[PDB]
Structures are given as C-alpha cells and as structure tokens.
Amino acid sequence: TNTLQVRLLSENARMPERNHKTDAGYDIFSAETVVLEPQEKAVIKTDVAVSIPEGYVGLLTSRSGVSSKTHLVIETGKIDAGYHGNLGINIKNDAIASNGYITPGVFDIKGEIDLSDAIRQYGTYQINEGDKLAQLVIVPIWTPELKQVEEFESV
Amino acid sequence: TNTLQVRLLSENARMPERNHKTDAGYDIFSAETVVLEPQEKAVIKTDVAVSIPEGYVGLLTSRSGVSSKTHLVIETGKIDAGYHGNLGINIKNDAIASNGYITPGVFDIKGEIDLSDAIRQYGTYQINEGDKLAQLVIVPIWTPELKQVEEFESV
Amino acid sequence: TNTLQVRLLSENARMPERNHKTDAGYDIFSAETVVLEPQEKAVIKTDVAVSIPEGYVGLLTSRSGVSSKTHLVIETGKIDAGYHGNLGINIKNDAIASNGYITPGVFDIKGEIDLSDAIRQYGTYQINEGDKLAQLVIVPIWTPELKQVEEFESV
Amino acid sequence: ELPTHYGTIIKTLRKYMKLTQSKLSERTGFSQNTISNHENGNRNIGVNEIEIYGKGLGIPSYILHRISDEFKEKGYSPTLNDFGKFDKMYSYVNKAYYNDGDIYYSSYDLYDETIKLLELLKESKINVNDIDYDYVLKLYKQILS
Amino acid sequence: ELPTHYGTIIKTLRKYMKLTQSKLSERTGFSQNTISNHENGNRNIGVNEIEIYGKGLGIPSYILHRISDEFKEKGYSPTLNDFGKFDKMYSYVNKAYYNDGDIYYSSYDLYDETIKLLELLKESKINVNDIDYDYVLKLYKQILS
Amino acid sequence: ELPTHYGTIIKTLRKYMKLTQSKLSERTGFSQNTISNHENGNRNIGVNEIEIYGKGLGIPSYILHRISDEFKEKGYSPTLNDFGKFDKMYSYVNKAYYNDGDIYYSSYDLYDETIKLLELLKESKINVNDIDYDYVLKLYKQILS
Ligand SMILES: [Mg+2]
Ligand code: NI
Ligand code: NI
Ligand code: NI
C-alpha cells in the first residue's frame with residue numbers, strides 16, 4: 001500500500017523528515033537532552049514508534065555530517081517487523097579522556113563548543129532535544145526455513 | 001525454494017535460532033572461549049557454514065543487548081554467495097585500559113563480572129562457547145555491469 | 001537495464017573491481033595518500049562518482065582483511081540515488097596513543113610496518129594512493145509515504 | 001542423529017497441546033508409525049525433523065533444544081515439568097520485548113530471561129496465576145539493569 | 001490538532017506559488033470549502049493533512065513545520081516573509097549537497113544552512129540576486145569547516 | 001583512450017585461451033577488423049571495451065589492468081610471460097578464499113597474493129606443477145599472519 005504508520009509518543013516527538021522522494025532514508029530526532037563524557041554510552045529515546053511491514057527490516061543508522069565531524073558513534077539497530085515500542089538510538093562517545101584536561105565547555109552535534117553549567121573532562125558532548133541524530137532506512141529481507149545438510153548441493 | 005542450507009562443522013556448533021517467522025535475523029553462536037583484554041581484536045569461530053543463494057548477501061551483525069551493555073564491538077561482515085567456509089564474527093573489545101587497575105575479574109556478554117584464574121587489566125571480557133553473540137540478516141542485491149561515461153545521462 | 005554508470009574524476013582514479021559475477025560488492029580505491037595518527041579522522045577521496053538508480057541505496061563499507069588486521073575503522077556511508085559528487089570513505093584510526101612511544105615507523109593497510117620520513121606516535125597508519133580500502137554494495141529500498149496514527153492497525 | 005530423550009520431549013509436548021498422534025501427523029506429515037517410533041525411542045530423530053515437529057506443535061523449535069540441554073546438565077527438565085508456567089510467562093516476556101524499549105534494547109535471551117523470572121517468583125512463594133503483565137514488566141526491567 | 005497559524009502559512013504559500021484555492025484542491029483533493037476553512041482558522045489541520053498540502057504546493061512538508069517553529073520562537077516567520085530569497089538560496093544549497101563531496105559529507109541540516117547563508121549576506125548588505133552558484137559554494141564550505 | 005600495450009595483452013591472452021580472432025568476435029561482438037586493429041595498435045581501446053574483452057576471454061577484466069600496471073612499472077609483464085603458472089596458482093587461491101575462514105577474513109588482494117606465492121616458489125626452485133592444494137594452503141596462511 002506504500003504507507004508507513006507512525007506513532008508520536010509524546011509532545012517532544014518529532015515526525016521523521018525527508019527532502020526528496022528519491023532519498024534513501026528518513027531523518028530521526030532525539031526527544032531528550034543527554035550529556036556524554038568520553039567513552040560514555042547511552043540508548044537515546046526518540047518518542048517515535050513505527051510499524052515495519054512483514055518481509056522488511058528497518059535500519060536505524062548514522063548520518064555523514066554527524067559521524068565524520070564528531071566522536072559520536074552510532075551502532076546500526078535492526079528493527080524487526082512488529083516491534084512497536086519507542087525507537088532508540090544506540091550511541092557511544094568514542095573520544096578518549098586526555099589526562100587531566102577538564103573544562104566547562106561541551107561539544108555539540110555539529111562539532112562546535114559552547115559553555116556549560118559544570119566542570120567535566122575535555123571531550124564531552126551534549127546532545128539536545130530536537131537534534132537531528134540518525135536516519136531510518138528500510139530494506140526487504142529473505143527469511144527462509146533452515147535445512148541441515150552433510151554436504152552443500154545445487155539449488 | 002525458500003530454504004537455506006546449513007553445515008555444522010563440529011560438535012561445538014549450534015544450529016542458528018529464530019523466535020518468530022517475521023524476525024529479521026537468525027541468532028548466531030560462538031563455538032569457542034576467548035579472553036579479550038582492552039583494545040584486543042579477534043575473529044571468533046562459529047563452526048557453522050551456509051550457502052547464500054545468488055542475488056543475495058548475508059550480513060553478520062550485532063545484537064542490541066550485547067552492543068549497548070558491553071564494550072564488545074562487532075564489524076558487520078558481508079558474506080558472499082558461494083562463500084562456504086567457517087563463519088567468523090569480527091570483534092574488538094573497545095574498552096580503554098585505565099592506568100594500572102588490574103583484577104582477577106572478567107566481564108561477560110551480559111555486562112556482569114565473575115572471578116577468573118588470572119590477573120588482568122580491569123575491563124577484560126571473556127566470551128564463552130555457546131554465547132549468543134551475533135545475528136545473520138540476508139538481503140537481496142543489485143549486481144550490474146559497469147559502464148564508464150564522460151557525463152551522466154538519463155536511464 | 002542492469003548497468004551502473006561511473007565517472008572517473010581524475011588521473012588518480014581507479015575503475016572499481018569485481019572478481020566474480022556473484023560477489024556482493026565492488027572494491028573501491030583511495031585516490032590519495034593520508035597519514036592518520038591515533039584517534040585521527042578523515043574522509044578519503046576516491047575521485048570516482050556513480051549514479052545509483054531510483055529505488056536503491058549504495059553502501060560504502062569495509063573489507064574483512066582491512067578491518068580485522070588493522071585499527072582503521074570505516075563508518076558505512078549511505079549513498080542516495082542522485083548523489084553525483086566524489087565518493088568519500090569515512091575513516092578513523094581507532095588505535096590509542098601509548099604514553100610516550102614515538103617512532104619513525106608507520107603501519108600500512110595490511111598491518112605491516114615500514115620506515116617513514118618523520119617521528120610520530122607509535123600506532124600511526126599511512127594510507128597510500130591505490131590502496132584497496134572499501135567496497136560498494138547496492139541494495140533495493142522501500143520509500144513509503146508517512147501516516148500518523150493514534151493506534152497501529154492491520155494492513 | 002539426536003539423543004533419544006527427544007522422544008519424551010515430543011510426547012509430553014504433544015500431550016500438553018491436546019493433540020493426538022493422528023492429529024499431529026495431519027499437521028506434520030509424518031506417518032503415525034514414525035511418530036510412535038520417535039516417541040518410543042525406536043527411530044532416532046534428526047535436527048531437520050525437530051524443525052518440523054516445532055511447526056506442527058506451534059512451538060518455536062529452539063525451545064525443544066533448550067529443554068534437551070536441561071536434560072544434559074541435570075538428568076531432567078524442570079521447564080518441561082512445569083511447562084504450563086513457562087508458557088504463561090514466555091508470553092508476557094514476548095509482549096514486553098516487542099512493545100517496550102527498555103526490554104527490546106537490553107534483552108540478551110528471552111528463554112533464559114523467562115526462567116529467571118519464574119525462579120525469582122518461586123523463591124518468594126508467589127503464584128504465576130495471581131499476577132499480571134505490569135508486575136512482570138517492572139520485575140523484568142529490574143533484572144536487566 | 002496543529003496550531004492555527006498553519007492557516008496563514010498555507011495561504012501565503014499558496015499565493016506565492018501562483019495557485020488558486022480551486023487549483024490547489026484540484027491537486028490536493030480537498031474541498032474548496034475545507035481549504036478556505038483551513039486558511040481562515042476554522043478547521044484545525046492535522047499532521048497528515050500537512051503532508052498533502054506539501055505535495056500539492058510542490059514544497060517539502062518539513063519546511064512548513066520549520067516555518068511554524070519560527071512562529072513559536074519569535075511571533076512571526078522571517079523565512080515566510082522573505083520566502084522568495086529562501087527559494088533561490090535553498091536551490092543552490094541542494095545543488096551543492098548532491099554534487100559536491102565537501103558539502104555532502106559535512107552538512108548537518110540543509111534548511112538551517114540555507115538560513116545562515118542568507119543571514120551572512122544580509123549582514124554584509126549583499127543582494128541574493130546579484131550572485132551565482134560558485135560564490136555560494138565557496139561560502140558554504142567556509143561555514144562547514 | 002587506454003595505452004597501446006593493451007593490444008599485446010589481448011593478443012597474447014587470446015592465443016593462450018586457444019581462440020581465433022574470428023571466434024573471439026563471435027563471443028565479443030566486435031568486427032574482426034576492429035580486433036586486428038586493436039591488437040596491432042591501430043585503434044586505441046577504451047575502458048568499456050576492456051570489460052567486453054574480459055567477458056569474451058573468460059578472464060576477470062581487472063586482471064588485464066594489473067598486467068598493464070606491470071608494463072608501466074617495469075617495461076614488461078612477468079605475469080603475462082608466465083601466465084600459465086599464474087592461472088594454475090590463481091585457481092588454488094580462489095578455492096582457498098571461498099572455502100577457508102583463515103583466508104576469507106584475512107586476505108587483502110587475491111592477485112598480489114597469487115604473485116607472492118609464485119615468487120616464493122621461484123626463490124626455492126620449486127615447480128608449481130609438482131605441488132597440490134594443501135601445500136599451497138599452508139603456505140598461504142603463513143603469508144597472511
Ligand atoms: Mg575507540
Ligand atoms: Ni509457547
Ligand atoms: Ni522550494
Ligand atoms: Ni583465470
């Protein structure tokens with residue numbers, strides 16, 4: 001039917017966005033504000049849910065500007081058909097803490113630095129509610145029955 | 001024909017597992033016991049082989065519970081149609097070693113710590129034979145002939 | 001029509017290569033020489049452009065020999081249909097710098113060490129023009145219209 | 001050839017699902033003679049045959065192998081013995097995994113997790129029949145932190 | 001139900017694209033009465049309806065939401081006011097993203113980036129109509145380093 | 001337009017595969033006149049034409065470019081000269097890559113790896129014809145550690 005059903009789970013949720021009908025993916029937005037010091041990990045809530053149809057998988061994955069200009073690393077999540085809960089973005093700040101070096105500055109998702117409320121390790125990121133953090137790409141799948149064999153054989 | 005042929009290469013091999021006909025992937029099991037100190041890398045044997053049919057690629061990839069609650073990082077392997085050898089999981093422990101800190105404790109694939117036979121750097125993982133480490137997702141592919149052009153042109 | 005259009009953007013560009021008609025991907029070559037000390041990042045130019053047809057996405061991704069025998073980490077780029085610029089490989093050297101340890105040696109893409117012109121941190125890689133760094137895998141995609149719903153409902 | 005205790009596993013399961021040897025054959029496509037021999041320990045059963053029994057029983061095949069692993073570690077299967085409780089709890093657990101982010105992204109193994117939830121209840125003399133989804137969900141999140 | 005200022009956003013946009021209420025309906029499939037009520041502030045508009053207006057106007061839907069976000073931060077939309085300039089600049093910006101590696105791999109948000117380019121021009125009293133693609137491209141790379 | 005030494009590469013290869021200029025045309029779809037001019041150095045050959053010769057010769061096209069790269073580094077191609085040995089060895093190497101995990105996950109370039117295996121044999125005066133798959137496999141793993 002060529003439509004994807006979407007649930008907005010809160011007032012902080014943003015409907016996913018697309019530029020161009022031909023684009024591979026839908027940009028996905030953080031619903032919360034998160035501070036990650038170096039080597040810190042989190043799963044970041046979007047307050048969005050989707051219904052991937054049978055025969056597909058959803059790929060929740062990174063964007064070139066974010067991953068090449070920051071140390072934020074996103075591990076591609078595989079969304080099953082029928083997972084209907086809150087979509088989460090699986091993230092690590094893979095900067096390394098440098099000896100001492102402490103600072104009131106925090107980096108953002110564009111690689112820029114501003115001034116924060118506290119003293120932390122140099123290299124800390126702060127993700128904001130509304131940051132355009134990831135994308136969703138949906139691809140078809142093959143899901144066969146398994147057969148054990150002693151030797152492989154022609155189809 | 002909608003069946004996938006599988007070879008069990010040893011008595012430590014486990015047949016891949018699936019919950020639900022609609023699930024994207026087949027869970028894949030370690031056939032060996034491996035200790036990885038921080039920043040250590042290995043390709044971990046499964047003692048399983050598969051025959052991916054022509055027109056597809058197999059994706060040997062991570063699971064959300066493992067990658068979000070441990071420092072074990074899996075690099076998605078691309079399995080060609082016609083690769084018939086032992087499937088390997090490409091893994092790094094991306095914890096960083098903290099100064100001294102040494103310990104007899106080792107972390108497992110659930111993020112928990114137990115007591116080991118030796119003294120090692122704090123942050124060391126131990127993977128056990130039978131650990132549910134990765135999944136296999138199979139997707140169709142386009143494999144065209146290449147044409148060089150001076151300028152792009154409409155299809 | 002089963003052909004992929006390719007533009008060679010310079011004399012350092014190499015036409016992508018494939019062994020076997022059934023192989024998942026096309027090997028992709030660096031067009032430049034780049035030194036990456038530990039934790040250093042770059043987007044490495046190939047001087048190649050492609051025209052991915054509508055309904056697909058191109059995946060610019062790693063090779064098993066490179067990622068399992070070096071610390072070079074490649075983040076899979078998603079190439080949109082209609083992106084016609086220079087293809088770039090998104091790379092980090094994820095070795096950690098060890099205290100002092102400095103050296104005139106640099107590691108290559110095979111994990112081997114040779115002698116360089118300068119003194120740098122132990123763990124530095126040098127990528128050469130013509131290195132077989134990545135592959136390109138092209139998969140079909142679903143690109144539906146979005147519908148907001150209060151509750152999910154059967155298709 | 002798989003171990004012979006698979007015969008007991010299939011018989012006891014067939015009985016639990018309220019199916020006759022004839023009705024199972026109707027869904028599996030085995031001969032009634034083959035089924036009886038399978039359960040009696042006559043014929044050894046193969047891995048591919050276990051996949052077919054699972055489909056006919058309406059149980060995920062991997063669960064039969066997990067039961068068998070219990071036979072090998074001890075000499076019997078507590079899970080098989082109290083399969084009714086496992087059924088009830090496994091259903092809550094699946095509903096949680098596919099509907100709650102805290103479970104979906106943290107879970108390691110739904111079967112082992114079902115068993116730890118039952119074992120926790122048993123240790124506090126609580127009956128599975130006298131509790132609901134929301135109680136399990138709160139507990140399940142506790143064991144995943 | 002979306003805010004009522006969406007009515008103004010759709011009217012002003014409809015007018016900019018040189019379309020009549022009847023002609024928009026012909027492309028959207030709404031009733032002329034529905035469109036008028038939408039613009040007048042009678043009917044509230046839904047998110048799904050905004051997706052349809054976008055398609056009919058030949059404007060990416062997300063842009064309407066960004067304009068609305070300007071209404072909420074200030075009390076009006078500079079972008080909506082100078083939409084002709086935004087159109088011109090957004091087109092250069094898109095041509096750059098899909099044809100130049102330095103833009104494609106570094107860009108964070110094409111809309112915000114279009115606006116920073118306009119704001120830079122305004123601060124140096126330069127008219128968008130008197131410059132070309134190559135001037136914008138050089139500047140755009142500057143703001144992405 | 002590609003270098004003219006490609007003409008020699010295609011002639012010598014055509015001859016090695018025991019094919020006539022007429023029979024190659026039958027598989028490639030070039031004119032016999034075109035083929036002769038290609039080999040003689042009359043017509044320059046394009047990259048797209050090299051893809052077609054490869055298919056007709058039953059050789060992966062990239063190999064022709066690698067041979068040409070040998071021409072450019074030295075002034076001749078050792079590989080082309082001893083192409084029969086390269087053929088034999090490249091076949092072992094491919095069988096190893098697609099059937100053994102140690103090769104599949106460690107290999108960097110099958111062509112360069114085929115050549116290092118031949119060069120090692122030559123340095124110890126060993127004849128490629130007098131050894132088997134298992135000897136090569138052991139050696140190949142040695143050069144990948
Ligand atoms: Mg790291
Ligand atoms: Ni059940
Ligand atoms: Ni526009
Ligand atoms: Ni050959």
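A, B, ... follow the sequence lines: proteins, then strands. Residue 1 opens every chain.
D/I143 CD1 to D/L120 CG: the interatomic distance, rounded to the nearest 0.5 Å, is 6.5 Å. Distance check: A/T143 OG1 to B/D23 CG gives 9.5 Å after rounding to the nearest 0.5 Å. Note that the CD1 atom of B/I141 and the CD1 atom of C/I138 stand 9.5 Å from one another [nearest 0.5 Å]. Here the straight-line distance linking atom OH of D/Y97 with atom CG of A/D80 works out to 5.5 Å at 0.5 Å rounding. To the nearest 0.5 Å, the span separating OG1 on D/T79 from OH on D/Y111 amounts to 3.5 Å. One distance of note links CG of A/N2 with CD of C/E145; it measures 6.5 Å at 0.5 Å rounding.
The side-chain heavy atoms of B/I28 and B/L133, taken from C-beta on, include no pair separated by under 4.5 Å. When side chains are defined from C-beta on, B/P38 counts as touching B/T124, because their heavy atoms get closer than 4.5 Å. In this structure, the side chains of A/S67 and A/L72 stay at 4.5 Å or more apart for every pair of heavy atoms. You'll find the side chain of A/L136 stays beyond 4.5 Å of the side chain of A/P16, heavy atoms only. Contact of the B/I109 side chain with the B/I127 side chain is not registered, since no non-hydrogen atoms from C-beta on lie closer than 4.5 Å. Contact annotation: the side chain of A/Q121 never approaches that of A/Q39 to less than 4.5 Å [non-hydrogen atoms, C-beta and beyond]. A/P53 is listed as a side-chain neighbour of C/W142, based on a closest heavy-atom distance under 4.5 Å. Residues C/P144 and A/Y26 form a side-chain contact, since some pair of their non-hydrogen atoms from C-beta on lies under 4.5 Å apart.
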Query raised in the report: B/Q126 and B/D108: side chain to side chain contact (heavy atoms under 4.5 Å, CB included), yes or no, with the steps?
Result: CA-CA 6 Å; B/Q126 177 174 317; B/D108 64 17; over 6 Å; no
Report task. Under the side chain to side chain contact (heavy atoms under 4.5 Å, CB included) rule, what do B/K92 and C/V73 come out as? Steps first, then yes or no, please. Result -> CA-CA 11 Å; B/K92 170 178 178 193; C/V73 176; 5.8 Å; no
Report task. Kindly determine whether D/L117 and D/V93 satisfy side chain to side chain contact (heavy atoms under 4.5 Å, CB included), including the steps that lead there. Result -> CA-CA 9 Å; D/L117 290 173; D/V93 165; 3.8 Å; yes
Requested in this report: Evaluate side chain to side chain contact (heavy atoms under 4.5 Å, CB included) for B/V34 paired with B/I91, printing each intermediate quantity in order.
Outcome: CA-CA 11 Å; B/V34 182; B/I91 198 155; over 6 Å; no
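E/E113 and E/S107 form a side-chain donor-acceptor contact under 3.5 Å, judged by distance and modelled atom types alone.
With hydrogens and angles disregarded, no donor-acceptor distance shorter than 3.5 Å links the side chain of E/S68 to the backbone of E/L64. With hydrogens and angles ignored, the 3.5 Å screen pairs a side-chain donor or acceptor of D/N99 with a backbone N or O of D/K95. D/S124 contributes no side-chain N or O that, together with a main-chain N or O of D/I126, makes up a donor-acceptor pair within less than 3.5 Å. A donor-acceptor pair is defined here as one N or O able to donate and one able to accept, closer than 3.5 Å; such a pair exists between the side chain of A/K78 and the backbone of A/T76. In this structure a side-chain-to-backbone donor-acceptor pair under 3.5 Å is present from D/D132 to D/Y135. In this structure, A/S68 contributes its side chain and E/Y105 its backbone to a donor-acceptor pair below 3.5 Å. At least one donor-acceptor pair closer than 3.5 Å links the side chain of D/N94 to the backbone N or O of D/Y90. Judged by distance alone, with hydrogens and angles left aside, the side-chain atoms of D/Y108 form a donor-acceptor pair with the main-chain N or O of B/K132 at under 3.5 Å.
Pairing each heavy atom of B/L60 with each of B/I74, the nearest pair is O-CG2, 4.4 Å. C/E75 and A/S62 make their closest contact through OE2-OG, 2.6 Å (heavy atoms, listed as atom of the first residue, atom of the second, distance). In terms of heavy atoms, A/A13 sits closest to A/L8 at CB-CD2, 4.0 Å. What you find for A/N93 and A/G123 is that their closest heavy atoms are ND2-O, 3.2 Å. When all heavy atoms of A/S51 and A/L4 are compared, the closest pair comes out as O-CD1, 3.4 Å. Listed here is the closest heavy atom pair of A/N19 and E/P60: O-CG, 3.8 Å.
For the pair A/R120 and A/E40, the salt-bridge criterion is not met [side-chain N within less than 4.0 Å of a carboxylate O]. With respect to E/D112 and A/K110, no salt bridge is recorded, no charged nitrogen being found less than 4.0 Å from a carboxylate O.
Taking the ring centroids of A/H71 and A/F107, they lie at or beyond the 6.0 Å cut-off. In this structure, E/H65 has its ring center closer than 6.0 angstrom to the ring center of E/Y6.
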